[PDB]
């Protein structure tokens, strides 16, 4: 729904095609009619609301930290993730442990506000799956 | 501004799922939701 | 230089995009998929300069 | 364009030809405000036909120039959008005692523009300004009108009399000389109130500056047509008494309606090429 | 520091030095724009070796004053930086018939930046113009060209032919004079045109002002560099006819490659400081 905005309708089909497929866990999957809906418009609303405030709640030492780690450490995850970012020793501008611990505590709330929209009400907690893979025991149901 | 008042409510509802519950909750409480972002823009270096 | 290195050994990038399996790949997991056909069974060989 | 006259001396002509170039610098933009120019008409010293006709070339010449100059909306009209962008931006910020009622006041303030037509530009300021003044009192929680049918008069909030005595002079001095273009960007900012309320007083004053020049544009153009129409009908009875090929032709020129711009400009352009065919009707010397 | 010459009279040098002291004040800043300066060289009247020298001292002193003055695009560039993004905020507020196409030029305009390298400034303006005129046509709803590989021409839109003739005429002197810019041509504000179109018209007016200076600076500098080596390729052969010490001593100064103006900065002071030893090598009187 984010790509569908602000872009040509013919371009949307190129994105819906690669996104409707899901090759997760061996078996392939596909999404029937992912029509845009007002139910998405409110789902996009809570995500767009979280999309902004987390940038405000983020500490100056937090968002900067990924750009600074590349100066010394190097790793596979550091390189593959760095390409997604825009292209652009030194003292911290300020360090206030009480002010900084407060910035993080508020930051967790918006994450739960944002993470939950992809989360679902968990219902099962399977233990020992049957060998046939046609049945399994469950707990926490409801 | 001067003070953040508590606003207690008891709210029975047939809804049980957390996703469906919070969504309808934003209609009745949209005004207080507007107050939250408003406190942020007015007060840099303050994080309610 | 790293692009020339992985192409030299032929090793693929872990993925063109960062799935959670890629973070799981650094967590410790069976990185290699099973071959499409294995008439010879299990294979192994190490190295000592 | 090419004004012409009968009984005027050559010295009287140069004073009128210079009136075109010198009109922009003149204090008090009103021919009624400068009687001495009308005392050059030669009244009570020449025949009434030549005298009453003498004003018509001057009133049309006074009319041809005012449209030729146009109000100098220039950058100043663009400046109204600049301060309006600041008040519109801060209206999403400051909390109020309502929500959906102030919501319409902000969006209508965001709809403000400037029409391609020049006459209709006043209609946008006439409504967008009233929507902004109401917003400033809400920050003060000042009482708003509830009586049916009343629109709130323009009134600056929380400004000292030390500027009020002089700020009206700028609204009156620009009204005194519509050609003048004063930005009038004094130290409007104050420590009092807040950045939103101070932005409103900077903006509400800009709308009064446009409305005064706009009403002045119709204060003369609508008025001069009422005067030319008055001089025209009075001229009809005087020319009618004589029966001649020129005396009757002069009555035909007056048949055209004074109303509207181009229809009034047509009265002069038709008279320029035909000035000599009827000149014999007017006594000279 | 003083320029040196062989047989030229003192009456001629004063006309040449004043041409350099006030070259920015003079209309049309170009040597080919003043053929009479080459008539002061003593061409044909003097020996061809001296003719190459009387010119070579001018090409070094003409290039030196350009490097010494140096056009200040950065002041106008700061105004271009503010007008740049200001156009972009109007674009988000303005609905389009294709929401996705509009960002492709706006995203480049939001990416705008100014690297210290002035070589790319001719390219920086180009994407600023591709993001400009193509966007303004979408507001007018006139069809954009669909031909492959054909970037739209950049010019002012929807102006009167008398208006296009005036504001464009200033750009012709911007090539002739990159220093003393004299804009003062401001009446492009809306009145009739859409407000987003007006900022694009001022945007093209700034972008045409930049490209005309950076191109003339790149051209006049590249032009003098070729003319200097042409003086060397001929003079080294003309000096081959004689093997006198002073005739050969000049060739050692010419051994340096004259790539860019960097070697010329050493070539000029060295040629003047040691000029006295070989002044008699050139025939005179």
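By letter and in written order, the chains are A, B, C, D and E; residue numbering begins at 1 in each of them.
Throughout what follows, a contact is a pair of C-beta atoms (placed from the backbone, for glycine too) under 8 Å apart; a residue touches a chain by one contact, two chains touch by 3 or more.
With centres computed as the average of Cα coordinates, no chain lies farther from chain E than B. Of all chains, D has its CA centroid at the greatest distance from the CA centroid of chain C. Here the chain at the heart of the structure, going by C-alpha means, is E. With centres set at the average Cα position, the gap from chain B to chain D is 53 Å.
As a whole-number value, the distance joining the C-alpha centres of chain C and chain E reads 57 Å.
Chain centres here are Cα means. That of chain C falls 82 Å from that of chain D.
Taking each chain's centre as the average of its CA atoms, chain A and chain C sit 26 Å apart. For chain C, the set of residues that touch two or more other chains is empty.
The set of touching chain pairs reads A-B, A-C, A-E, B-D, D-E, using the touch definition from the header.
Residues 186-187, 189-192, 195, 198 of chain E are the ones that touch chain D when the two sit in their complex. The residues of chain C lying in touch with chain A in their complex are 2, 13-15, 18, 22-23, 26. Residues 93-95, 99 of chain D are the ones that touch chain B when the two sit in their complex. Considering their complex, residues 42, 53, 56-57, 99, 102-103, 106, 116-117, 120-121 of chain A touch chain B. For chain B in complex with chain A, the touching residues are 17-19, 23, 37, 40, 45, 47-48.
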